[PDB]
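See below for the structure under consideration.
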Amino acid sequence: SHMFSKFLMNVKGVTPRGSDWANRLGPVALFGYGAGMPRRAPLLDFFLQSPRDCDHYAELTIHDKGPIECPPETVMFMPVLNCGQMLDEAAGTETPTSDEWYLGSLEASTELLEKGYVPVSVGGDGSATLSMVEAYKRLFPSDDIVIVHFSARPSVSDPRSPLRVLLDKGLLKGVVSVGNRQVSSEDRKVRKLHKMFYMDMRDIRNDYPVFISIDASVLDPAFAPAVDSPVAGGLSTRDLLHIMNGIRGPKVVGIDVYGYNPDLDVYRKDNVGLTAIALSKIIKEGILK
Amino acid sequence: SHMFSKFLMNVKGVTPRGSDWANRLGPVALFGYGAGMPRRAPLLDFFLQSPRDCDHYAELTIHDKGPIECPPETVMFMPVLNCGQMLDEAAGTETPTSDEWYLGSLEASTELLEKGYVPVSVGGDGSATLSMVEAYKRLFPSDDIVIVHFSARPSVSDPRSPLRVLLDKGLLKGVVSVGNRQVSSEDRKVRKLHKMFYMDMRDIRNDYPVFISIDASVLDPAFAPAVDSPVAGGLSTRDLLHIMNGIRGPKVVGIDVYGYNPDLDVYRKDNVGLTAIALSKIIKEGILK
Amino acid sequence: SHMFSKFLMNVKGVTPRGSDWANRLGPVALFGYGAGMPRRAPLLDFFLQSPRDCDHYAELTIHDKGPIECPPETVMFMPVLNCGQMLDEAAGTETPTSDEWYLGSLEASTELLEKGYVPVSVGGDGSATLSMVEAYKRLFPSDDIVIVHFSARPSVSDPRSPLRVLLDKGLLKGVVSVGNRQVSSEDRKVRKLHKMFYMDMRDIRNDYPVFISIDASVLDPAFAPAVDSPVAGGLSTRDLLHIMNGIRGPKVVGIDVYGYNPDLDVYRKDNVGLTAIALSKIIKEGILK
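Chains as they are written, first to last, in the authors' numbering: chain A, -1 to 199, 211 to 298; chain A', -1 to 199, 211 to 298; chain A'', -1 to 199, 211 to 298. A prime marks a further copy of an entry chain.
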């Protein structure tokens, strides 16, 4: 798409992660992804205006240009690179197709992963799980990639769905699905047939690189109302942050936080979305690692 | 009332539960009850448009005509009969009185119970607890009926209130009141005087037929804002679903889910009520048995 | 301020607590405090229209004139004196300054504490923590005052902030900060330097007089959306009520419930604020002691 051109022109030329990072986790690179959601994507911009003070005793630090410097030892920063929104809000109305959102997301993730940033794609419908993990396996076909998937639904009955696509491509050496509460016979047959683990409503303890995929639908509609067909009986924001805290790994391959649609949110009297508040926290503590 | 005529004409002629059910639980028969709430009652209709996929590994199946067939053994369906709304939305504006809502609810429940459907009355103010359990004791005066009551208040200080009426009629061999957090000296005197059990904010393990009465007021106002004088410090939707899961019995005599008023709800930006979402789940997993 | 004149004229002449109270806890004296929030302060008035039935088996009793009588032994009442709003809604538009809000709050608290009422200041931004505990130490400089502080932030990095001011004045023999989830390096340095205890997201067991300071920001934005920069991952209303229940002491020096701003709230379809509902409960069970 001509829409991503300016995003694309930007992702390429970011000064690579240097030798300041030796056997070091990070850095993180952030962008806004808008597939399957309305044309206006705040949330990213809402996350950038949010407190930098984390739940745990580390602090986010946001940079637009490179190179960026590594913190030392015991004093914790968390330097995050803002690549901004995929969609240029000033270069047309020609909104991309699923192939265009994908090819770009694949190209961004690839160009973020090449440089040693941990990619984090925020917004959209969850399609940016497929592309980002596929950029990783392209780069590192030797690395075993697993996925920790948080949603109200397994999101696997449909062959188009991004986890179903990965499983069948044998890119996934395993799927951990957490929070599921809308399970059909389609989801349960595909479950024991691809031997994945699940926890419907301690330590993960693995040496396998973790992709983290977070559907806002996993929370309760009370905390995250801004989803398609919201599913009650869900997680509190704190419930997710707890379980998220306990994810183990040698490294995170990437993070896709999706499912949020401004039009479906419950709003304060000053026009702030409950789901924006909730998810803005979720992204923060997803970066903290 | 002339309003129920079409509902009444309909409840009578439903093809009875057959020999497909031998020593079998169910089937379920659904209707919408509107006493003490505005004339428009969605929720029923909102429940019918909701996902059929339960929290637990069974699936609801909704039929308008009879007879319906019984599932086999290990593969779980949950066939539910839609009797629709009491109030015909096209036969007048003459909204019934408390005697009319009662006489009908009594007549529906009686005509649902005669045929071996487990009645489930959705909407209203909780008056459809009194009528439905009284249709049961009319049919089965030998059967001991207990009630598991979920509300923010005991709803017993007032002699008009539907549990207070049953207790004094000695139809109730016991009351389990769960979730209470607005208790007056009126409620507490009537408590130790009618020796009922309560749990204000494991297994029930009884052989006594269970009526299940669910006031949306039992949840938190965060999850179920759509109630008269909402009471904070309440249940999450998941909290109720847990405690509900643990109800024991030889059979359920019926289920009344009430307390919901569209006018009092908090709404998403697309006009969906938080309480509708919450309660639509509650009814589902109330049928699952 | 000329605004408080009518409030001031009123606080002075309240008939003192008599000999009906001998080695007795209470009574309580209530007023509405509006510092740092819009000119309209409902909440107080919303609390007065709320159910008197507590979570625990005691009942609030609200009196406007004095003297009031003490309950006997095992039968529990909780007689609370309504001093109304600081700001007279009919004597000008000249809204006070931070010195005026303070001098008055200091004068009210002093004139409430002199007479043996436990002061409870409802509304505002939390400034009514500083004044009320300083009226206490003026009266009783011998008494060791500690504070149990509930907020999303430690509220101590800023030298203007009311707990930071007390600590440095050595009025505080200790600070218990509960619920914190936005902690900067400013908050953490000031923490181990003033040796206070904290619990970010059994019995307190102390003989030290307790001030209770409650920022609505401590709850989750799902339960209490009506705060400045709301912080997700918070307490449920029930979570706070539990932890609040477990506060120990020889006496409470006072209670400031703040952080609520009508303009920032999520509202039902009938214009009731979720935060009003939540906080109206919080004040109730804060008085119960």
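Just so you know, even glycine gets a beta-carbon here, dropped at the ideal spot from N, CA and C.
Sub-9 Å separation of residue i and residue j beta-carbons
i: A/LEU170; j: A/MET130; result: no
i: A'/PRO65; j: A'/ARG15; result: yes
i: A/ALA235; j: A/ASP274; result: yes
i: A/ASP53; j: A/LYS293; result: yes
i: A/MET197; j: A/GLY168; result: no
i: A''/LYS135; j: A'/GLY242; result: no
i: A/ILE223; j: A/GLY295; result: yes
i: A''/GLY124; j: A''/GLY268; result: yes
i: A/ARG189; j: A/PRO152; result: yes
i: A'/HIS0; j: A'/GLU87; result: no
i: A/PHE45; j: A/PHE29; result: no
i: A/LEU137; j: A/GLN83; result: no
Min CB distance residue i to chain A'' below 9 Å
i: A/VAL78; result: no
i: A'/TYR276; result: yes
i: A'/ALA285; result: no
i: A'/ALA225; result: no
i: A/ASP185; result: no
i: A'/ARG37; result: no
i: A/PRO49; result: yes
i: A'/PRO25; result: no
Collapsed DSSP secondary structure at residue i in the structure displayed
i: A/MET197; result: strand
i: A''/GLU57; result: strand
i: A''/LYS171; result: strand
i: A''/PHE45; result: helix
i: A'/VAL236; result: coil
i: A/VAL9; result: helix
i: A''/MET130; result: helix
i: A'/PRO160; result: helix
i: A'/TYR100; result: helix
i: A'/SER125; result: helix
i: A'/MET76; result: strand
i: A/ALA39; result: coil
i: A'/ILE143; result: strand
i: A'/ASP216; result: coil
Own chain partners of residue i with C-beta closer than 6 Å, once the 5 adjacent residues on each side are dropped
i: A'/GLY114; result: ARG15
i: A'/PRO239; result: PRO230
i: A''/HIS192; result: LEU165
i: A/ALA233; result: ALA225, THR284, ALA287
i: A'/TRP19; result: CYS68
i: A'/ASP62; result: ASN80
i: A/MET194; result: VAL173
Neighbour flag for residue i against chain A', beta carbons, 9 Å
i: A/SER17; result: no
i: A''/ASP272; result: no
i: A/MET194; result: no
i: A''/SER103; result: no
i: A/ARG179; result: yes
Cβ of residue i within 9 Å of any chain A Cβ
i: A''/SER153; result: no
i: A''/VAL281; result: no
i: A''/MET199; result: yes
i: A''/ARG257; result: no
Nearest residue (CA-CA) to residue i, options the options
i: A/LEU101; options: A/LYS187, A/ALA33, A/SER48; result: A/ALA33
i: A''/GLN47; options: A''/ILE60, A''/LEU23, A''/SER155; result: A''/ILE60
i: A'/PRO77; options: A'/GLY24, A'/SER125, A'/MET84; result: A'/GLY24
i: A''/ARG38; options: A''/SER159, A''/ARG211, A''/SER155, A''/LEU85; result: A''/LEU85
i: A/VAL73; options: A''/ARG186, A''/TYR31, A''/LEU128, A''/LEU250; result: A''/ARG186
i: A/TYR55; options: A''/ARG179, A''/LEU297, A''/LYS298, A''/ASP237; result: A''/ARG179
i: A/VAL227; options: A/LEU244, A/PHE220, A/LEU128; result: A/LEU244
i: A''/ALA126; options: A''/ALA150, A''/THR13, A''/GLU98, A''/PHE75; result: A''/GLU98
Same chain, Cβ closer than 7 Å to residue i, neighbours up to 5 away in sequence not counted
i: A/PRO117; result: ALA27, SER107, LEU110, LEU111, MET130, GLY263
i: A'/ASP51; result: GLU57
i: A'/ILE252; result: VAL176
i: A/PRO36; result: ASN270, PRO271, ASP272
i: A'/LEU297; result: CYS52, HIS54, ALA56, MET76
Residues near residue i by beta carbon distance below 8 Å, same chain, minus five either side
i: A'/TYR217; result: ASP142, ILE143, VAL144, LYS171, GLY172, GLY258, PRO259
i: A/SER182; result: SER155
i: residue 369 of chain A'; result: Nothing in the structure corresponds to residue 369 of chain A', since chain A' is present only between -1 and 298.
Residue i CB to nearest heavy atom of the ligand GDP below 8 Å
i: A'/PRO230; result: By its list of ligands, the structure shown contains no ligand whatsoever, and the ligand GDP lies outside what it can speak to.
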